[PDB]
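Undergrad: After the structure tokens below, expect a handful of questions from me.
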Amino acid sequence: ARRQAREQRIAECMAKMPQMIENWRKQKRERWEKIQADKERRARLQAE
Amino acid sequence: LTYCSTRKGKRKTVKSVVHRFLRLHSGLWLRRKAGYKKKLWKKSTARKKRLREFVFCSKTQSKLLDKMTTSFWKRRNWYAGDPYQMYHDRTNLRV
Amino acid sequence: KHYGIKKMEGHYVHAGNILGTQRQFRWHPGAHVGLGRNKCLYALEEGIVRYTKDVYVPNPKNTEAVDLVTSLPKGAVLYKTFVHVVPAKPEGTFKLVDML
Amino acid sequence: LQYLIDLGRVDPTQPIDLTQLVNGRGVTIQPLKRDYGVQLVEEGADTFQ
Amino acid sequence: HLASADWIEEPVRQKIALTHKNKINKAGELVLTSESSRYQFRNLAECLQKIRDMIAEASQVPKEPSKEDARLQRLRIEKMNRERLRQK
Amino acid sequence: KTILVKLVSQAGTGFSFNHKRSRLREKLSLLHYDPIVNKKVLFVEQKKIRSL
Amino acid sequence: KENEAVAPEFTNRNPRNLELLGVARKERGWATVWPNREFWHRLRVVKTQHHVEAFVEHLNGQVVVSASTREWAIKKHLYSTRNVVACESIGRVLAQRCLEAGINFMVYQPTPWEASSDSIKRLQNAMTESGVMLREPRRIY
Amino acid sequence: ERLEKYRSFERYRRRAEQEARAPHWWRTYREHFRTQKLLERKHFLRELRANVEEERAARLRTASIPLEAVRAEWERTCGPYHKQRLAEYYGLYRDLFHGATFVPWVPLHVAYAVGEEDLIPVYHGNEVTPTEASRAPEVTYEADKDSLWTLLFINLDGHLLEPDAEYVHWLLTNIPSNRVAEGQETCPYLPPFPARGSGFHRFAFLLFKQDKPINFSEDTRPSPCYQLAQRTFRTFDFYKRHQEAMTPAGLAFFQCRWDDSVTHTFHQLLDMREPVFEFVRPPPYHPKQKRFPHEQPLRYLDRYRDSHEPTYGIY
RNA sequence: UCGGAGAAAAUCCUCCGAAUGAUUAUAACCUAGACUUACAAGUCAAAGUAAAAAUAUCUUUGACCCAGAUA
Ligand SMILES: [Mg+2]
Ligand SMILES: [Mg+2]
Ligand SMILES: [Mg+2]
């Protein structure tokens, strides 16, 4: 019972693992986008 | 240590040795690495691997551990399914 | 510490032996000689160690090395010391396993 | 085991138990030293007849 | 002798001969050996299992080709070059 | 300062490893190798272990 | 039978025997220098003022297959010694010789600008189409 | 300061590589490890330059070249020299003539016919499977009238008993001019038989110019001959006996592996058990054992053990 | 106590820092051969396997016992 309970637990979390990794990449990218976007502002260009 | 005990008149084992080292019948002694369980969060991965290993002892250390234990700990033990079954003997040792 | 040359030129060196330890690039990796993180030099093959000088060309990507290289006078190029181990044995031999 | 049988120290006609092995001195048992008996070991299997 | 042997069914015999041609002697007998133990019991046991595995794998069709290993990749690429070289 | 935090695998396994985080920053989340699953999965902060 | 006699140790003398099998040594050092020397064969493309040359050279330093725009046969069928198509055409000529010589796997080490250069990109396309692999396989240990 | 400075990376690289080639006092890695044709040539070029269509294609980067025309022209001009490089690179001149080098001059052509639709060519360094080489190949080498020839085909590294010796496959003698059927078949054609697991064997075609017809009675072999003891043959000493009338002029060689057809050859006609070889690497180096392997892991004992199975001695 | 630098392998010889953080592409397991070393501790690493489809990048220290926190 312990082995089966452990195995199904891993499977359920693993099933949702793809989507969760996808979400964490979106947050990381948009975090970078804000840095690069606000870094490349026309106001920043105005100073440049 | 005690060379001649009051009750039996015998040598006495230093139990702190028996609690830290393994004797293979060939005469070798095994031990762990000091600090292998300490502050692992700041140790490098290669350093941690080195710490996890079982390591042999030198000739002088082996001589000291032999003095600090009695003959009972130097005997042959025939344990079923022993994981050190193969390491109680030396092979192709010319010296 | 005890930095220096562990293996000198003309010595038989096995696959993993360390040849030299250096705080700075006193010697450079050559042929069949690898680099450690600490910049130590170890053999990658069984052979005889050789120290030889040769021209230095850096990776294009790194800016500083290219700029220094380009700024060199047109006449000549800079040099460096390289360490080499000459493999002393063949990779393997073919033997008769079975006759059918 | 073959060596003991060949030299007559173990009688193959009757059943063999730990008593027979001990009586013929084929094996030495120390119960006080945690012996629980004898295990058959494959060594010599090729030449056992 | 693979072909003469009747205990193996004929359809299996043909597949085994093609698949394991390298292990068939000039006399036509299928020669397999084991040298992985000091006791001939296990060496014989290892040899027998090869016979059983060979029969079973021939009986069951290997539909899956699996991934192409680098050795297969090198073999395939050099074969293509030979074809292109022989454009004559 | 900096605190040592315990990142826990979100693949359902009990696997976790300790990392260091600057207390001013938000809770850390990383992609890391889970030996019990043999795949790279998200590790999410669960507890603070000590202050570095 | 006299025929059955076979020497215990075979001695194949073909220079490319181990290299073709994949067990031959590739130099793995030169970590501080560019380009790496872990190649059985290398493609060297030199663009001079006049002409453009492509070579295949072994580690020992002996050129095996050479295709150059300074060669009479190629010159008569081309319009200019240096050109983007030239690179393409010489690459195709080089490949056929490379296939002819049996050198199917090779190492090319372009510079960042050279790799981005359109002429070199087209030349690599010709070699890939010809069947010459620009990346060598890993050694067998 | 007087000298200019390299303004680009490439200039230094070209200078460096040329610098490396030159020998130097210090130790280095390398040590241890006619007129009418010119005028006609120029005239054709000018015509090509004049052609507007050539310009338009080039500027449109759509131009192309005919490979076959270049190959034939390359053969006439410098094909002999490039072929020499391959022969030296492949070791033919050192294994065949004990270091003597001859430039090939006759554009020898050989191809193995597969059925009748197409025929596999045999260039320098080509790869041909033994199945493809089952039957003798067509040979056309443009002799011209007269000038008798001898064609010799041998596997340089296929010998199974003596390393230096090699096995003849077929030898044609007194070949008059182009026609090759008119040659005496001293050695019948044999299919290649490279042993399994023995690597790549290099087989070469050798063509010798014959000043005067010479009977090679010593080199005649019974047809068919299936004895390897009789196929053993040295090119070097053979050329010594006939060097007066034999001078090499043609080359063509290919690499072949073992194949299922090789199994047929070893059994059907050679009538012997086929040899099987495997590549063996030397045993790994381990330092001499110490009775006390101080500061070594438990694995130290496994390095020097031979059998992985328990032993019991007197027990 | 340890690290960096001069004298240059001596000194009560002369200086700077550390009991670090930052940075992140998160950096596995297993295993030849070596360095350093009284012991203890500390370094580098081919091959193989496994994740991915570039390593972490900057450049250090505290043993044993004994107490904790968890699955
Ligand atoms: Mg006993
Ligand atoms: Mg120590
Ligand atoms: Mg590796």
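Identifiers for the structure tokens are assigned positionally: chains receive A, B, ... in sequence, residues are indexed from 1 per chain, and ligands are indexed from 1 in the order shown.
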Name the residues, by chain letter and number, that sit within 12 Å of ligand 2 using only C-alpha atoms (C1' of nucleotides) and all ligand atoms, and give them as a PDB file with N, CA and C atoms (P, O5', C5', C4', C3', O3' and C1' of nucleotides), in the first residue's frame.
TA:
ATOM      1  N   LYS B  33      35.031   9.501   6.770  1.00  0.00           N
ATOM      2  CA  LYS B  33      35.783  10.745   6.696  1.00  0.00           C
ATOM      3  C   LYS B  33      35.219  11.727   7.710  1.00  0.00           C
ATOM      4  N   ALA B  34      36.106  12.373   8.461  1.00  0.00           N
ATOM      5  CA  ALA B  34      35.672  13.319   9.478  1.00  0.00           C
ATOM      6  C   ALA B  34      34.977  14.507   8.831  1.00  0.00           C
ATOM      7  N   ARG B  50      33.986  12.962  -1.894  1.00  0.00           N
ATOM      8  CA  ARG B  50      35.156  12.446  -1.191  1.00  0.00           C
ATOM      9  C   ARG B  50      34.815  12.093   0.249  1.00  0.00           C
ATOM     10  N   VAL B  55      37.139   4.650   3.715  1.00  0.00           N
ATOM     11  CA  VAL B  55      38.563   4.787   3.450  1.00  0.00           C
ATOM     12  C   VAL B  55      39.359   3.875   4.371  1.00  0.00           C
ATOM     13  N   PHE B  56      40.519   3.439   3.885  1.00  0.00           N
ATOM     14  CA  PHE B  56      41.401   2.556   4.629  1.00  0.00           C
ATOM     15  C   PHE B  56      42.286   3.361   5.581  1.00  0.00           C
ATOM     16  N   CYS B  57      42.935   2.649   6.496  1.00  0.00           N
ATOM     17  CA  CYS B  57      43.804   3.249   7.496  1.00  0.00           C
ATOM     18  C   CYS B  57      45.250   2.842   7.244  1.00  0.00           C
ATOM     19  N   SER B  58      46.170   3.665   7.739  1.00  0.00           N
ATOM     20  CA  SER B  58      47.586   3.456   7.495  1.00  0.00           C
ATOM     21  C   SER B  58      48.119   2.309   8.350  1.00  0.00           C
ATOM     22  N   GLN B  61      48.232   3.473  11.987  1.00  0.00           N
ATOM     23  CA  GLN B  61      46.869   3.507  12.504  1.00  0.00           C
ATOM     24  C   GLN B  61      46.329   2.097  12.691  1.00  0.00           C
TER      25      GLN B  61
ATOM     26  N   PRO H 293      46.548   0.097   1.819  1.00  0.00           N
ATOM     27  CA  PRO H 293      46.203   1.162   0.850  1.00  0.00           C
ATOM     28  C   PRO H 293      45.694   2.417   1.547  1.00  0.00           C
ATOM     29  N   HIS H 294      46.589   3.078   2.273  1.00  0.00           N
ATOM     30  CA  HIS H 294      46.173   4.173   3.137  1.00  0.00           C
ATOM     31  C   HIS H 294      45.481   5.261   2.331  1.00  0.00           C
ATOM     32  N   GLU H 295      44.332   5.713   2.832  1.00  0.00           N
ATOM     33  CA  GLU H 295      43.598   6.834   2.257  1.00  0.00           C
ATOM     34  C   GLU H 295      43.020   6.485   0.886  1.00  0.00           C
ATOM     35  N   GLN H 296      42.659   5.219   0.681  1.00  0.00           N
ATOM     36  CA  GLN H 296      42.052   4.769  -0.560  1.00  0.00           C
ATOM     37  C   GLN H 296      40.661   4.207  -0.292  1.00  0.00           C
TER      38      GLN H 296
ATOM     39  P     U I  36      53.126  17.147  -4.348  1.00  0.00           P
ATOM     40  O5'   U I  36      52.479  17.840  -3.069  1.00  0.00           O
ATOM     41  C5'   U I  36      51.871  19.119  -3.160  1.00  0.00           C
ATOM     42  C4'   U I  36      50.865  19.331  -2.057  1.00  0.00           C
ATOM     43  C3'   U I  36      51.274  18.842  -0.678  1.00  0.00           C
ATOM     44  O3'   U I  36      52.113  19.758   0.004  1.00  0.00           O
ATOM     45  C1'   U I  36      49.083  18.103  -1.153  1.00  0.00           C
ATOM     46  P     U I  37      53.051  19.252   1.202  1.00  0.00           P
ATOM     47  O5'   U I  37      52.080  18.365   2.095  1.00  0.00           O
ATOM     48  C5'   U I  37      51.275  18.959   3.100  1.00  0.00           C
ATOM     49  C4'   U I  37      50.685  17.923   4.017  1.00  0.00           C
ATOM     50  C3'   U I  37      51.662  16.934   4.630  1.00  0.00           C
ATOM     51  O3'   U I  37      52.470  17.482   5.666  1.00  0.00           O
ATOM     52  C1'   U I  37      49.793  15.764   3.812  1.00  0.00           C
ATOM     53  P     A I  38      52.383  16.995   7.194  1.00  0.00           P
ATOM     54  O5'   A I  38      52.354  15.402   7.121  1.00  0.00           O
ATOM     55  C5'   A I  38      53.543  14.626   7.137  1.00  0.00           C
ATOM     56  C4'   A I  38      53.458  13.525   8.164  1.00  0.00           C
ATOM     57  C3'   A I  38      52.072  12.934   8.392  1.00  0.00           C
ATOM     58  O3'   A I  38      51.746  11.919   7.457  1.00  0.00           O
ATOM     59  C1'   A I  38      53.050  13.481  10.475  1.00  0.00           C
ATOM     60  P     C I  39      50.260  11.807   6.858  1.00  0.00           P
ATOM     61  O5'   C I  39      49.339  11.649   8.141  1.00  0.00           O
ATOM     62  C5'   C I  39      49.138  10.390   8.761  1.00  0.00           C
ATOM     63  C4'   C I  39      48.229  10.532   9.952  1.00  0.00           C
ATOM     64  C3'   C I  39      46.850  11.103   9.658  1.00  0.00           C
ATOM     65  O3'   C I  39      45.933  10.122   9.205  1.00  0.00           O
ATOM     66  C1'   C I  39      47.805  12.264  11.478  1.00  0.00           C
ATOM     67  P     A I  40      44.920  10.453   8.006  1.00  0.00           P
ATOM     68  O5'   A I  40      43.979  11.591   8.599  1.00  0.00           O
ATOM     69  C5'   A I  40      43.177  11.356   9.748  1.00  0.00           C
ATOM     70  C4'   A I  40      42.610  12.640  10.291  1.00  0.00           C
ATOM     71  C3'   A I  40      41.913  13.531   9.276  1.00  0.00           C
ATOM     72  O3'   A I  40      40.581  13.133   9.010  1.00  0.00           O
ATOM     73  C1'   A I  40      43.425  14.828  10.528  1.00  0.00           C
ATOM     74  P     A I  41      40.053  13.057   7.499  1.00  0.00           P
ATOM     75  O5'   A I  41      40.084  14.568   7.004  1.00  0.00           O
ATOM     76  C5'   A I  41      39.163  15.520   7.512  1.00  0.00           C
ATOM     77  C4'   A I  41      39.666  16.930   7.331  1.00  0.00           C
ATOM     78  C3'   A I  41      39.646  17.473   5.913  1.00  0.00           C
ATOM     79  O3'   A I  41      38.367  17.923   5.507  1.00  0.00           O
ATOM     80  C1'   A I  41      41.738  17.934   6.885  1.00  0.00           C
ATOM     81  P     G I  42      37.921  17.795   3.972  1.00  0.00           P
ATOM     82  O5'   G I  42      38.988  18.678   3.191  1.00  0.00           O
ATOM     83  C5'   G I  42      39.079  20.075   3.421  1.00  0.00           C
ATOM     84  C4'   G I  42      40.180  20.702   2.606  1.00  0.00           C
ATOM     85  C3'   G I  42      40.022  20.617   1.099  1.00  0.00           C
ATOM     86  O3'   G I  42      39.151  21.612   0.592  1.00  0.00           O
ATOM     87  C1'   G I  42      42.232  20.028   1.702  1.00  0.00           C
TER      88        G I  42
END
Undergrad: With only C-alpha atoms (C1' of nucleotides) as the counted atoms, please give the residues lying no more than 12 Å from residue 37 in chain D, apart from itself and same-chain residues fewer than 2 positions off, as a PyMOL selection string.
TA: (chain B and resi 78-80) or (chain D and resi 17-19+21-22+27-35+39-40)
Undergrad: Using only C-alpha atoms (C1' of nucleotides) and all ligand atoms, which residues of the polymer chains come no farther than 12 Å from ligand 3? I'd like the answer as a PyMOL selection string.
TA: (chain G and resi 138-139+141) or (chain I and resi 30-31+45-50)
Undergrad: Could you take the residues named above and write them with N, CA and C atoms (P, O5', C5', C4', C3', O3' and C1' of nucleotides), as a PDB file, in the first residue's frame?
TA:
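And here's again-v6.pdb as it stands now:
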ATOM      1  N   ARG G 138      31.880  11.262 -32.211  1.00  0.00           N
ATOM      2  CA  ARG G 138      32.663  11.146 -30.992  1.00  0.00           C
ATOM      3  C   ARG G 138      33.555   9.912 -31.046  1.00  0.00           C
ATOM      4  N   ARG G 139      34.692   9.994 -30.363  1.00  0.00           N
ATOM      5  CA  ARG G 139      35.611   8.870 -30.306  1.00  0.00           C
ATOM      6  C   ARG G 139      35.024   7.756 -29.442  1.00  0.00           C
ATOM      7  N   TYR G 141      35.794   4.898 -26.702  1.00  0.00           N
ATOM      8  CA  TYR G 141      36.764   4.689 -25.638  1.00  0.00           C
ATOM      9  C   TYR G 141      36.714   3.256 -25.122  1.00  0.00           C
TER      10      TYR G 141
ATOM     11  P     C I  30      27.325   7.793  -6.113  1.00  0.00           P
ATOM     12  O5'   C I  30      27.307   6.748  -7.312  1.00  0.00           O
ATOM     13  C5'   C I  30      28.260   5.702  -7.380  1.00  0.00           C
ATOM     14  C4'   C I  30      28.786   5.527  -8.782  1.00  0.00           C
ATOM     15  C3'   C I  30      30.287   5.340  -8.901  1.00  0.00           C
ATOM     16  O3'   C I  30      30.700   4.017  -8.618  1.00  0.00           O
ATOM     17  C1'   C I  30      29.560   6.922 -10.496  1.00  0.00           C
ATOM     18  P     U I  31      31.980   3.755  -7.688  1.00  0.00           P
ATOM     19  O5'   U I  31      33.212   4.020  -8.660  1.00  0.00           O
ATOM     20  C5'   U I  31      33.447   3.181  -9.778  1.00  0.00           C
ATOM     21  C4'   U I  31      34.322   3.856 -10.801  1.00  0.00           C
ATOM     22  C3'   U I  31      35.758   4.115 -10.379  1.00  0.00           C
ATOM     23  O3'   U I  31      36.581   2.970 -10.499  1.00  0.00           O
ATOM     24  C1'   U I  31      34.868   6.051 -11.405  1.00  0.00           C
ATOM     25  P     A I  45      38.535  19.525 -12.323  1.00  0.00           P
ATOM     26  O5'   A I  45      38.878  18.086 -12.906  1.00  0.00           O
ATOM     27  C5'   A I  45      39.826  17.936 -13.950  1.00  0.00           C
ATOM     28  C4'   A I  45      40.133  16.484 -14.212  1.00  0.00           C
ATOM     29  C3'   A I  45      38.941  15.603 -14.539  1.00  0.00           C
ATOM     30  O3'   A I  45      38.521  15.727 -15.885  1.00  0.00           O
ATOM     31  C1'   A I  45      40.293  14.525 -12.938  1.00  0.00           C
ATOM     32  P     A I  46      37.137  15.072 -16.369  1.00  0.00           P
ATOM     33  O5'   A I  46      37.597  13.928 -17.372  1.00  0.00           O
ATOM     34  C5'   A I  46      38.471  14.221 -18.451  1.00  0.00           C
ATOM     35  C4'   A I  46      39.077  12.969 -19.026  1.00  0.00           C
ATOM     36  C3'   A I  46      38.095  11.911 -19.500  1.00  0.00           C
ATOM     37  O3'   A I  46      37.548  12.185 -20.776  1.00  0.00           O
ATOM     38  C1'   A I  46      39.763  10.889 -18.191  1.00  0.00           C
ATOM     39  P     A I  47      35.990  11.918 -21.051  1.00  0.00           P
ATOM     40  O5'   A I  47      35.839  10.342 -20.884  1.00  0.00           O
ATOM     41  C5'   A I  47      36.630   9.449 -21.653  1.00  0.00           C
ATOM     42  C4'   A I  47      36.490   8.027 -21.173  1.00  0.00           C
ATOM     43  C3'   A I  47      35.068   7.517 -20.997  1.00  0.00           C
ATOM     44  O3'   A I  47      34.473   7.090 -22.208  1.00  0.00           O
ATOM     45  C1'   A I  47      36.315   7.003 -19.070  1.00  0.00           C
ATOM     46  P     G I  48      32.964   7.515 -22.555  1.00  0.00           P
ATOM     47  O5'   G I  48      32.080   6.638 -21.563  1.00  0.00           O
ATOM     48  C5'   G I  48      32.134   5.221 -21.601  1.00  0.00           C
ATOM     49  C4'   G I  48      31.391   4.606 -20.442  1.00  0.00           C
ATOM     50  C3'   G I  48      29.966   5.092 -20.229  1.00  0.00           C
ATOM     51  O3'   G I  48      29.028   4.451 -21.075  1.00  0.00           O
ATOM     52  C1'   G I  48      31.119   5.133 -18.173  1.00  0.00           C
ATOM     53  P     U I  49      27.852   5.298 -21.769  1.00  0.00           P
ATOM     54  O5'   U I  49      26.730   5.400 -20.643  1.00  0.00           O
ATOM     55  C5'   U I  49      26.351   4.259 -19.887  1.00  0.00           C
ATOM     56  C4'   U I  49      25.687   4.645 -18.589  1.00  0.00           C
ATOM     57  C3'   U I  49      24.596   5.697 -18.679  1.00  0.00           C
ATOM     58  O3'   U I  49      23.356   5.174 -19.120  1.00  0.00           O
ATOM     59  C1'   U I  49      26.040   6.217 -16.888  1.00  0.00           C
ATOM     60  P     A I  50      22.338   6.104 -19.944  1.00  0.00           P
ATOM     61  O5'   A I  50      21.913   7.229 -18.900  1.00  0.00           O
ATOM     62  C5'   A I  50      21.226   6.887 -17.706  1.00  0.00           C
ATOM     63  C4'   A I  50      20.953   8.100 -16.851  1.00  0.00           C
ATOM     64  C3'   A I  50      20.282   9.270 -17.548  1.00  0.00           C
ATOM     65  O3'   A I  50      18.885   9.093 -17.695  1.00  0.00           O
ATOM     66  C1'   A I  50      22.080  10.057 -16.229  1.00  0.00           C
TER      67        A I  50
END
Undergrad: Using DSSP on the backbone coordinates, identify all residues within range 127-313 of chain H classified as strand (DSSP E or B); present the result as an MDAnalysis selection string.
TA: chainID H and resid 127 138:140 149:155 166:175 184:187 196 201:210 232:233 246:256 275:280 297
Undergrad: Next, dump the selected residues to file, keeping only C-alpha atoms, as an mmCIF file, in the first residue's frame.
TA:
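The result, stored in selection.cif:
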data_model
loop_
_atom_site.group_PDB
_atom_site.id
_atom_site.type_symbol
_atom_site.label_atom_id
_atom_site.label_comp_id
_atom_site.auth_asym_id
_atom_site.auth_seq_id
_atom_site.Cartn_x
_atom_site.Cartn_y
_atom_site.Cartn_z
ATOM 1 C CA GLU H 127 34.477 2.240 -50.247
ATOM 2 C CA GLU H 138 35.889 -3.611 -66.241
ATOM 3 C CA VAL H 139 39.145 -1.730 -66.869
ATOM 4 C CA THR H 140 39.661 1.025 -69.455
ATOM 5 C CA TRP H 149 50.939 -3.664 -70.116
ATOM 6 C CA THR H 150 50.561 -5.706 -66.941
ATOM 7 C CA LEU H 151 47.719 -5.158 -64.461
ATOM 8 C CA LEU H 152 48.219 -6.253 -60.850
ATOM 9 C CA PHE H 153 45.569 -6.154 -58.107
ATOM 10 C CA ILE H 154 46.483 -6.982 -54.504
ATOM 11 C CA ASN H 155 45.290 -6.434 -50.933
ATOM 12 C CA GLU H 166 50.132 -9.827 -49.278
ATOM 13 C CA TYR H 167 47.630 -11.899 -51.270
ATOM 14 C CA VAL H 168 47.327 -11.602 -55.045
ATOM 15 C CA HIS H 169 43.798 -11.394 -56.447
ATOM 16 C CA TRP H 170 44.369 -11.397 -60.211
ATOM 17 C CA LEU H 171 47.362 -10.622 -62.424
ATOM 18 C CA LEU H 172 47.070 -9.860 -66.141
ATOM 19 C CA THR H 173 50.274 -9.956 -68.179
ATOM 20 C CA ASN H 174 51.336 -8.956 -71.692
ATOM 21 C CA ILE H 175 48.226 -6.760 -71.978
ATOM 22 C CA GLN H 184 47.433 -13.985 -69.996
ATOM 23 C CA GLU H 185 45.459 -14.758 -66.822
ATOM 24 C CA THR H 186 48.403 -15.728 -64.639
ATOM 25 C CA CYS H 187 46.251 -15.430 -61.496
ATOM 26 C CA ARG H 196 35.597 -9.916 -39.735
ATOM 27 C CA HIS H 201 41.760 -3.215 -45.871
ATOM 28 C CA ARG H 202 43.162 -1.150 -48.742
ATOM 29 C CA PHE H 203 43.234 -2.805 -52.172
ATOM 30 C CA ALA H 204 45.145 -1.166 -55.019
ATOM 31 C CA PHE H 205 45.333 -1.478 -58.802
ATOM 32 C CA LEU H 206 48.848 -1.315 -60.263
ATOM 33 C CA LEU H 207 49.564 -0.798 -63.968
ATOM 34 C CA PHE H 208 53.097 -1.249 -65.318
ATOM 35 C CA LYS H 209 54.397 -0.184 -68.718
ATOM 36 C CA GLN H 210 55.934 -3.112 -70.612
ATOM 37 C CA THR H 232 51.256 -14.865 -50.866
ATOM 38 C CA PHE H 233 53.238 -12.352 -52.867
ATOM 39 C CA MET H 246 58.140 -2.943 -65.726
ATOM 40 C CA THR H 247 57.546 0.674 -64.722
ATOM 41 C CA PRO H 248 54.351 1.654 -62.863
ATOM 42 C CA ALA H 249 51.990 4.201 -64.394
ATOM 43 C CA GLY H 250 48.496 3.707 -62.916
ATOM 44 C CA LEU H 251 46.797 3.632 -59.531
ATOM 45 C CA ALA H 252 43.331 2.933 -58.158
ATOM 46 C CA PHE H 253 42.504 1.737 -54.636
ATOM 47 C CA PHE H 254 39.478 1.284 -52.384
ATOM 48 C CA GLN H 255 38.647 0.317 -48.798
ATOM 49 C CA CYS H 256 36.347 -2.598 -47.963
ATOM 50 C CA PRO H 275 38.976 -16.136 -39.014
ATOM 51 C CA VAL H 276 37.269 -13.752 -36.594
ATOM 52 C CA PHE H 277 39.186 -10.889 -34.978
ATOM 53 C CA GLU H 278 38.353 -8.378 -32.255
ATOM 54 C CA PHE H 279 39.928 -5.065 -31.286
ATOM 55 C CA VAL H 280 41.627 -5.489 -27.897
ATOM 56 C CA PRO H 297 38.384 3.805 -1.020
#
Undergrad: Using only C-alpha atoms (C1' of nucleotides), pick whichever of C:11, C:24, C:42, C:60 has the shortest atom-to-atom distance to chain I.
TA: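 Closest residue, counting only C-alpha atoms (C1' of nucleotides): C:42.
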Undergrad: Contacts from chain D to chain H, 10 Å maximum, only C-alpha atoms: show me the residue list as JSON, numbers by chain.
TA: {"D": [1, 26, 27, 41, 42, 43]}
Undergrad: Would you mind exporting the chosen residues as a PDB file, in the first residue's frame, restricted to C-alpha atoms?
TA:
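Heads up, here's the output in part_3.pdb:
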ATOM      1  CA  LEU D   1      31.984 -32.675   1.121  1.00  0.00           C
ATOM      2  CA  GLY D  26      34.170 -32.181   8.426  1.00  0.00           C
ATOM      3  CA  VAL D  27      32.826 -28.976   9.975  1.00  0.00           C
ATOM      4  CA  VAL D  41      28.580 -23.613  -0.784  1.00  0.00           C
ATOM      5  CA  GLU D  42      28.689 -24.047  -4.550  1.00  0.00           C
ATOM      6  CA  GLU D  43      32.486 -24.404  -4.714  1.00  0.00           C
TER       7      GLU D  43
END
Undergrad: Excluding residue 3 in chain C and residues on its chain fewer than 5 positions from it, collect all residues at most 9 Å away from it, counting only C-alpha atoms (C1' of nucleotides), and give them as an MDAnalysis selection string.
TA: chainID C and resid 20:23
Undergrad: Would you save the residues from that selection as a PDB file, in the first residue's frame, using N, CA, C and O atoms?
TA:
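Saved to again00.pdb:
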ATOM      1  N   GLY C  20      51.642  19.950 -13.453  1.00  0.00           N
ATOM      2  CA  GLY C  20      52.035  21.206 -12.846  1.00  0.00           C
ATOM      3  C   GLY C  20      50.853  21.913 -12.230  1.00  0.00           C
ATOM      4  O   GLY C  20      49.716  21.779 -12.689  1.00  0.00           O
ATOM      5  N   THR C  21      51.132  22.679 -11.179  1.00  0.00           N
ATOM      6  CA  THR C  21      50.149  23.521 -10.514  1.00  0.00           C
ATOM      7  C   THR C  21      50.619  24.966 -10.588  1.00  0.00           C
ATOM      8  O   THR C  21      51.806  25.251 -10.403  1.00  0.00           O
ATOM      9  N   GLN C  22      49.689  25.875 -10.865  1.00  0.00           N
ATOM     10  CA  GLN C  22      50.044  27.259 -11.135  1.00  0.00           C
ATOM     11  C   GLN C  22      48.934  28.185 -10.662  1.00  0.00           C
ATOM     12  O   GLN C  22      47.752  27.906 -10.877  1.00  0.00           O
ATOM     13  N   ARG C  23      49.325  29.284 -10.015  1.00  0.00           N
ATOM     14  CA  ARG C  23      48.358  30.332  -9.699  1.00  0.00           C
ATOM     15  C   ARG C  23      47.986  31.122 -10.945  1.00  0.00           C
ATOM     16  O   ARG C  23      46.829  31.525 -11.110  1.00  0.00           O
TER      17      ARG C  23
END
Undergrad: At a cut-off of 10 Å, list the chain F residues touching chain A, using only C-alpha atoms, as a PyMOL selection string.
TA: chain F and resi 10-14+29-31+36-37+39-42
Undergrad: Kindly determine which residues of chain H lie within 9 Å of chain C, considering only C-alpha atoms, and give the answer as a ChimeraX atom specification.
TA: /H:1-9,11-13,15-17,19-20,26-29,32-33,197-199,272-282,285
Undergrad: Could you check how far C1' of residue 62 in chain I sits from CA of residue 52 in chain B, in Å to one decimal?
TA: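 Separation of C1' of residue 62 in chain I and CA of residue 52 in chain B: 19.2 Å.
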Undergrad: Just the residues within 8 Å of residue 41 in chain C, please, counting only C-alpha atoms (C1' of nucleotides), with nothing from its chain fewer than 5 positions along; format it as a PyMOL selection string.
TA: chain C and resi 18-21+29+33-36
Undergrad: Write out as a ChimeraX atom specification which residues come within 9 Å of range 161-164 of chain H when counting only C-alpha atoms (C1' of nucleotides), dropping same-chain ones fewer than 2 positions away.
TA: /G:5-13 /H:95,156-159,166,232,234
Undergrad: If you count only C-alpha atoms (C1' of nucleotides), which residues fall within 8 Å of residue 32 in chain B, apart from same-chain ones fewer than 3 positions away, as an NGL selection string?
TA: :B and (20-21 or 36 or 51-55)
Undergrad: Going by DSSP on the backbone, which residues of chain D come out as helix (DSSP H, G or I)? List them as a list in words.
TA: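 The residues of chain D classed as helix (DSSP H, G or I) are residues 2, 3, 4, 5, 6, 18, 19, 20, 21, 22, 23, 31, 32, 33, 45, 46 and 47 of chain D.
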Undergrad: Please provide as a PyMOL selection string all residues within 12 Å of residue 292 in chain H, with the sequence filter that same-chain residues fewer than 5 positions apart are discarded (counting only C-alpha atoms (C1' of nucleotides)).
TA: (chain B and resi 24+26-30+55-63+90+93+95) or (chain H and resi 297-298+300-301)
